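Notes to accompany the following structure.
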Amino acid sequence: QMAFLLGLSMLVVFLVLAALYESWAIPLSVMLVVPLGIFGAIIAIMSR
Amino acid sequence: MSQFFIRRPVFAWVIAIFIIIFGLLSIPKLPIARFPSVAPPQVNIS
């Protein structure tokens with residue numbers, strides 16, 4: 001259930017974003033930053 | 001209220017999709033039956 005928690009959480013953030021900035025491109029640009037945070041997280045975990 | 005959404009359609013569609021996705025997630029875990037707990041519950045002492 002780690003996929004649905006990331007699938008649902010990401011979607012909730014996207015929808016809230018679209019509501020907040022009345023657009024479909026701005027929330028995409030905000031969502032496009034999530035893989036970078038996960039990237040570092042995975043990097044740190046693998047290194048440690 | 002309505003005049004607020006006439007100029008912000010994305011917010012309207014977002015609330016619509018919120019309701020739509022919550023209902024679609026909710027339907028499966030909803031029990032089904034022919035009737036609800038309508039008849040009074042009985043405790044039988046044999």
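In the structure tokens, chains take the letters A, B, ... in the order shown, each chain's residues start at 1, and ligands count up from 1 in the order shown.
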List every residue of chain A that DSSP, applied to the backbone of this structure, places in helix (DSSP H, G or I), and write the result as a PDB file with N, CA, C and O atoms, in the first residue's frame.
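What follows is the written file part02.pdb:
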ATOM      1  N   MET A   2       2.100   1.130  -0.446  1.00  0.00           N
ATOM      2  CA  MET A   2       3.012   2.263  -0.501  1.00  0.00           C
ATOM      3  C   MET A   2       2.837   3.007  -1.820  1.00  0.00           C
ATOM      4  O   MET A   2       3.221   4.170  -1.946  1.00  0.00           O
ATOM      5  N   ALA A   3       2.252   2.323  -2.798  1.00  0.00           N
ATOM      6  CA  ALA A   3       2.021   2.910  -4.108  1.00  0.00           C
ATOM      7  C   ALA A   3       0.762   3.759  -4.117  1.00  0.00           C
ATOM      8  O   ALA A   3       0.727   4.816  -4.738  1.00  0.00           O
ATOM      9  N   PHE A   4      -0.269   3.298  -3.417  1.00  0.00           N
ATOM     10  CA  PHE A   4      -1.538   4.019  -3.353  1.00  0.00           C
ATOM     11  C   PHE A   4      -1.445   5.242  -2.447  1.00  0.00           C
ATOM     12  O   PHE A   4      -2.211   6.195  -2.595  1.00  0.00           O
ATOM     13  N   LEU A   5      -0.502   5.212  -1.511  1.00  0.00           N
ATOM     14  CA  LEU A   5      -0.312   6.316  -0.578  1.00  0.00           C
ATOM     15  C   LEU A   5       0.458   7.436  -1.269  1.00  0.00           C
ATOM     16  O   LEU A   5       0.350   8.605  -0.898  1.00  0.00           O
ATOM     17  N   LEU A   6       1.237   7.061  -2.278  1.00  0.00           N
ATOM     18  CA  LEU A   6       2.021   8.018  -3.044  1.00  0.00           C
ATOM     19  C   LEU A   6       1.236   8.428  -4.283  1.00  0.00           C
ATOM     20  O   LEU A   6       1.464   9.494  -4.853  1.00  0.00           O
ATOM     21  N   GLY A   7       0.309   7.568  -4.696  1.00  0.00           N
ATOM     22  CA  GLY A   7      -0.514   7.841  -5.857  1.00  0.00           C
ATOM     23  C   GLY A   7      -1.650   8.766  -5.483  1.00  0.00           C
ATOM     24  O   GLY A   7      -2.023   9.649  -6.247  1.00  0.00           O
ATOM     25  N   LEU A   8      -2.184   8.556  -4.284  1.00  0.00           N
ATOM     26  CA  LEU A   8      -3.283   9.361  -3.777  1.00  0.00           C
ATOM     27  C   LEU A   8      -2.785  10.681  -3.204  1.00  0.00           C
ATOM     28  O   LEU A   8      -3.431  11.715  -3.366  1.00  0.00           O
ATOM     29  N   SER A   9      -1.634  10.654  -2.534  1.00  0.00           N
ATOM     30  CA  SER A   9      -1.101  11.879  -1.950  1.00  0.00           C
ATOM     31  C   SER A   9      -0.678  12.862  -3.034  1.00  0.00           C
ATOM     32  O   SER A   9      -0.991  14.058  -2.960  1.00  0.00           O
ATOM     33  N   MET A  10      -0.004  12.347  -4.057  1.00  0.00           N
ATOM     34  CA  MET A  10       0.444  13.169  -5.171  1.00  0.00           C
ATOM     35  C   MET A  10      -0.758  13.773  -5.891  1.00  0.00           C
ATOM     36  O   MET A  10      -0.741  14.948  -6.260  1.00  0.00           O
ATOM     37  N   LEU A  11      -1.799  12.968  -6.090  1.00  0.00           N
ATOM     38  CA  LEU A  11      -2.997  13.450  -6.767  1.00  0.00           C
ATOM     39  C   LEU A  11      -3.715  14.509  -5.939  1.00  0.00           C
ATOM     40  O   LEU A  11      -4.222  15.494  -6.488  1.00  0.00           O
ATOM     41  N   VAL A  12      -3.779  14.320  -4.621  1.00  0.00           N
ATOM     42  CA  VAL A  12      -4.387  15.319  -3.752  1.00  0.00           C
ATOM     43  C   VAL A  12      -3.635  16.635  -3.853  1.00  0.00           C
ATOM     44  O   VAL A  12      -4.242  17.708  -3.962  1.00  0.00           O
ATOM     45  N   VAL A  13      -2.311  16.575  -3.829  1.00  0.00           N
ATOM     46  CA  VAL A  13      -1.524  17.795  -3.919  1.00  0.00           C
ATOM     47  C   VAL A  13      -1.734  18.471  -5.276  1.00  0.00           C
ATOM     48  O   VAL A  13      -1.834  19.696  -5.349  1.00  0.00           O
ATOM     49  N   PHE A  14      -1.804  17.682  -6.346  1.00  0.00           N
ATOM     50  CA  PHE A  14      -2.039  18.240  -7.674  1.00  0.00           C
ATOM     51  C   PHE A  14      -3.382  18.949  -7.741  1.00  0.00           C
ATOM     52  O   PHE A  14      -3.486  20.069  -8.255  1.00  0.00           O
ATOM     53  N   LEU A  15      -4.432  18.300  -7.243  1.00  0.00           N
ATOM     54  CA  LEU A  15      -5.758  18.900  -7.308  1.00  0.00           C
ATOM     55  C   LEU A  15      -5.834  20.159  -6.456  1.00  0.00           C
ATOM     56  O   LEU A  15      -6.418  21.163  -6.880  1.00  0.00           O
ATOM     57  N   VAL A  16      -5.245  20.135  -5.260  1.00  0.00           N
ATOM     58  CA  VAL A  16      -5.249  21.328  -4.422  1.00  0.00           C
ATOM     59  C   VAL A  16      -4.519  22.465  -5.117  1.00  0.00           C
ATOM     60  O   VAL A  16      -4.958  23.621  -5.079  1.00  0.00           O
ATOM     61  N   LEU A  17      -3.416  22.129  -5.781  1.00  0.00           N
ATOM     62  CA  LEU A  17      -2.626  23.117  -6.503  1.00  0.00           C
ATOM     63  C   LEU A  17      -3.450  23.748  -7.622  1.00  0.00           C
ATOM     64  O   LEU A  17      -3.478  24.970  -7.767  1.00  0.00           O
ATOM     65  N   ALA A  18      -4.119  22.912  -8.409  1.00  0.00           N
ATOM     66  CA  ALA A  18      -4.942  23.400  -9.510  1.00  0.00           C
ATOM     67  C   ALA A  18      -6.067  24.281  -8.995  1.00  0.00           C
ATOM     68  O   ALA A  18      -6.402  25.299  -9.609  1.00  0.00           O
ATOM     69  N   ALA A  19      -6.659  23.908  -7.862  1.00  0.00           N
ATOM     70  CA  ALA A  19      -7.663  24.764  -7.245  1.00  0.00           C
ATOM     71  C   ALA A  19      -7.063  26.097  -6.835  1.00  0.00           C
ATOM     72  O   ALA A  19      -7.697  27.147  -6.977  1.00  0.00           O
ATOM     73  N   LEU A  20      -5.829  26.077  -6.345  1.00  0.00           N
ATOM     74  CA  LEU A  20      -5.246  27.277  -5.764  1.00  0.00           C
ATOM     75  C   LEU A  20      -4.776  28.260  -6.829  1.00  0.00           C
ATOM     76  O   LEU A  20      -4.842  29.476  -6.621  1.00  0.00           O
ATOM     77  N   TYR A  21      -4.311  27.767  -7.976  1.00  0.00           N
ATOM     78  CA  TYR A  21      -3.763  28.632  -9.014  1.00  0.00           C
ATOM     79  C   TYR A  21      -4.525  28.551 -10.331  1.00  0.00           C
ATOM     80  O   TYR A  21      -3.982  28.941 -11.368  1.00  0.00           O
ATOM     81  N   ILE A  26       0.469  24.922 -13.972  1.00  0.00           N
ATOM     82  CA  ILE A  26       1.188  25.285 -12.760  1.00  0.00           C
ATOM     83  C   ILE A  26       1.315  24.076 -11.818  1.00  0.00           C
ATOM     84  O   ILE A  26       2.404  23.811 -11.307  1.00  0.00           O
ATOM     85  N   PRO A  27       0.214  23.332 -11.577  1.00  0.00           N
ATOM     86  CA  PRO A  27       0.359  22.144 -10.730  1.00  0.00           C
ATOM     87  C   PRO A  27       1.246  21.087 -11.344  1.00  0.00           C
ATOM     88  O   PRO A  27       1.879  20.326 -10.608  1.00  0.00           O
ATOM     89  N   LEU A  28       1.330  21.020 -12.671  1.00  0.00           N
ATOM     90  CA  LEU A  28       2.268  20.089 -13.283  1.00  0.00           C
ATOM     91  C   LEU A  28       3.703  20.512 -13.004  1.00  0.00           C
ATOM     92  O   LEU A  28       4.556  19.676 -12.683  1.00  0.00           O
ATOM     93  N   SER A  29       3.963  21.811 -13.072  1.00  0.00           N
ATOM     94  CA  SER A  29       5.304  22.311 -12.797  1.00  0.00           C
ATOM     95  C   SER A  29       5.652  22.104 -11.323  1.00  0.00           C
ATOM     96  O   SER A  29       6.821  21.916 -10.988  1.00  0.00           O
ATOM     97  N   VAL A  30       4.657  22.127 -10.448  1.00  0.00           N
ATOM     98  CA  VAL A  30       4.931  21.928  -9.033  1.00  0.00           C
ATOM     99  C   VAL A  30       5.147  20.435  -8.752  1.00  0.00           C
ATOM    100  O   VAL A  30       6.020  20.075  -7.963  1.00  0.00           O
ATOM    101  N   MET A  31       4.402  19.579  -9.441  1.00  0.00           N
ATOM    102  CA  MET A  31       4.533  18.137  -9.258  1.00  0.00           C
ATOM    103  C   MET A  31       5.860  17.614  -9.815  1.00  0.00           C
ATOM    104  O   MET A  31       6.421  16.649  -9.292  1.00  0.00           O
ATOM    105  N   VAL A  34       8.735  16.721  -7.378  1.00  0.00           N
ATOM    106  CA  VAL A  34       8.696  15.609  -6.428  1.00  0.00           C
ATOM    107  C   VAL A  34       9.781  14.578  -6.716  1.00  0.00           C
ATOM    108  O   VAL A  34      10.470  14.155  -5.771  1.00  0.00           O
ATOM    109  N   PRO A  35       9.983  14.122  -7.960  1.00  0.00           N
ATOM    110  CA  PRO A  35      11.024  13.112  -8.195  1.00  0.00           C
ATOM    111  C   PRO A  35      12.405  13.556  -7.771  1.00  0.00           C
ATOM    112  O   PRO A  35      13.225  12.707  -7.422  1.00  0.00           O
ATOM    113  N   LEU A  36      12.688  14.858  -7.758  1.00  0.00           N
ATOM    114  CA  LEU A  36      14.001  15.309  -7.302  1.00  0.00           C
ATOM    115  C   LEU A  36      14.171  15.109  -5.800  1.00  0.00           C
ATOM    116  O   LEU A  36      15.237  14.661  -5.349  1.00  0.00           O
ATOM    117  N   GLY A  37      13.147  15.427  -5.012  1.00  0.00           N
ATOM    118  CA  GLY A  37      13.211  15.135  -3.591  1.00  0.00           C
ATOM    119  C   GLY A  37      13.321  13.648  -3.316  1.00  0.00           C
ATOM    120  O   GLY A  37      14.111  13.218  -2.468  1.00  0.00           O
ATOM    121  N   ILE A  38      12.533  12.839  -4.031  1.00  0.00           N
ATOM    122  CA  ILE A  38      12.652  11.396  -3.861  1.00  0.00           C
ATOM    123  C   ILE A  38      14.034  10.922  -4.285  1.00  0.00           C
ATOM    124  O   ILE A  38      14.571   9.964  -3.722  1.00  0.00           O
ATOM    125  N   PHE A  39      14.609  11.595  -5.277  1.00  0.00           N
ATOM    126  CA  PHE A  39      15.933  11.240  -5.775  1.00  0.00           C
ATOM    127  C   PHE A  39      16.962  11.326  -4.654  1.00  0.00           C
ATOM    128  O   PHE A  39      17.686  10.366  -4.391  1.00  0.00           O
ATOM    129  N   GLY A  40      17.025  12.481  -4.000  1.00  0.00           N
ATOM    130  CA  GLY A  40      17.958  12.688  -2.909  1.00  0.00           C
ATOM    131  C   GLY A  40      17.694  11.725  -1.770  1.00  0.00           C
ATOM    132  O   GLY A  40      18.623  11.164  -1.189  1.00  0.00           O
ATOM    133  N   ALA A  41      16.419  11.528  -1.453  1.00  0.00           N
ATOM    134  CA  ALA A  41      16.025  10.624  -0.381  1.00  0.00           C
ATOM    135  C   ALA A  41      16.584   9.231  -0.641  1.00  0.00           C
ATOM    136  O   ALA A  41      17.159   8.605   0.250  1.00  0.00           O
ATOM    137  N   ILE A  42      16.413   8.749  -1.868  1.00  0.00           N
ATOM    138  CA  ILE A  42      16.905   7.431  -2.248  1.00  0.00           C
ATOM    139  C   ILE A  42      18.426   7.403  -2.239  1.00  0.00           C
ATOM    140  O   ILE A  42      19.038   6.416  -1.810  1.00  0.00           O
ATOM    141  N   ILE A  43      19.036   8.499  -2.678  1.00  0.00           N
ATOM    142  CA  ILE A  43      20.488   8.607  -2.701  1.00  0.00           C
ATOM    143  C   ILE A  43      21.041   8.509  -1.282  1.00  0.00           C
ATOM    144  O   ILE A  43      21.992   7.770  -1.028  1.00  0.00           O
ATOM    145  N   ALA A  44      20.441   9.257  -0.360  1.00  0.00           N
ATOM    146  CA  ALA A  44      20.879   9.245   1.032  1.00  0.00           C
ATOM    147  C   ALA A  44      20.726   7.859   1.642  1.00  0.00           C
ATOM    148  O   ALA A  44      21.631   7.367   2.330  1.00  0.00           O
ATOM    149  N   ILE A  45      19.589   7.222   1.393  1.00  0.00           N
ATOM    150  CA  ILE A  45      19.341   5.898   1.942  1.00  0.00           C
ATOM    151  C   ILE A  45      20.336   4.871   1.407  1.00  0.00           C
ATOM    152  O   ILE A  45      20.885   4.081   2.176  1.00  0.00           O
ATOM    153  N   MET A  46      20.572   4.876   0.099  1.00  0.00           N
ATOM    154  CA  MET A  46      21.525   3.943  -0.489  1.00  0.00           C
ATOM    155  C   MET A  46      22.930   4.183   0.043  1.00  0.00           C
ATOM    156  O   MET A  46      23.666   3.231   0.317  1.00  0.00           O
ATOM    157  N   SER A  47      23.316   5.449   0.202  1.00  0.00           N
ATOM    158  CA  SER A  47      24.673   5.758   0.634  1.00  0.00           C
ATOM    159  C   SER A  47      24.899   5.349   2.078  1.00  0.00           C
ATOM    160  O   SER A  47      25.930   4.750   2.402  1.00  0.00           O
TER     161      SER A  47
END
Compile a residue-level contact table for chain B against chain A at a cut-off of 12 Å, reporting for every qualifying residue the shortest atom pair and its distance in Å to one decimal, with only C-alpha atoms counted, rows ordered by chain and ascending number, as CSV.
residue,atom,partner,partner_atom,distance
B:4,CA,A:22,CA,11.7
B:5,CA,A:22,CA,10.1
B:6,CA,A:22,CA,11.7
B:7,CA,A:22,CA,9.3
B:8,CA,A:22,CA,6.1
B:9,CA,A:22,CA,7.2
B:10,CA,A:22,CA,4.9
B:11,CA,A:19,CA,4.3
B:12,CA,A:19,CA,7.8
B:13,CA,A:19,CA,8.3
B:14,CA,A:19,CA,5.8
B:15,CA,A:19,CA,7.8
B:16,CA,A:15,CA,10.3
B:17,CA,A:15,CA,8.1
B:18,CA,A:15,CA,7.7
B:19,CA,A:15,CA,11.4
B:21,CA,A:8,CA,9.9
B:22,CA,A:8,CA,10.5
B:25,CA,A:8,CA,10.4
Separation of CA of residue 32 in chain B from CA of residue 20 in chain B, in Å and rounded to one decimal: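 For CA of residue 32 in chain B relative to CA of residue 20 in chain B, the distance reads 20.2 Å.
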At what distance in Å, to one decimal, does CA of residue 1 in chain A lie from CA of residue 26 in chain B?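 The value is 16.5 Å.
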What gap, in Å, lies between CA of residue 36 in chain B and CA of residue 24 in chain B?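 One can read the CA of residue 36 in chain B to CA of residue 24 in chain B distance as 21.5 Å.
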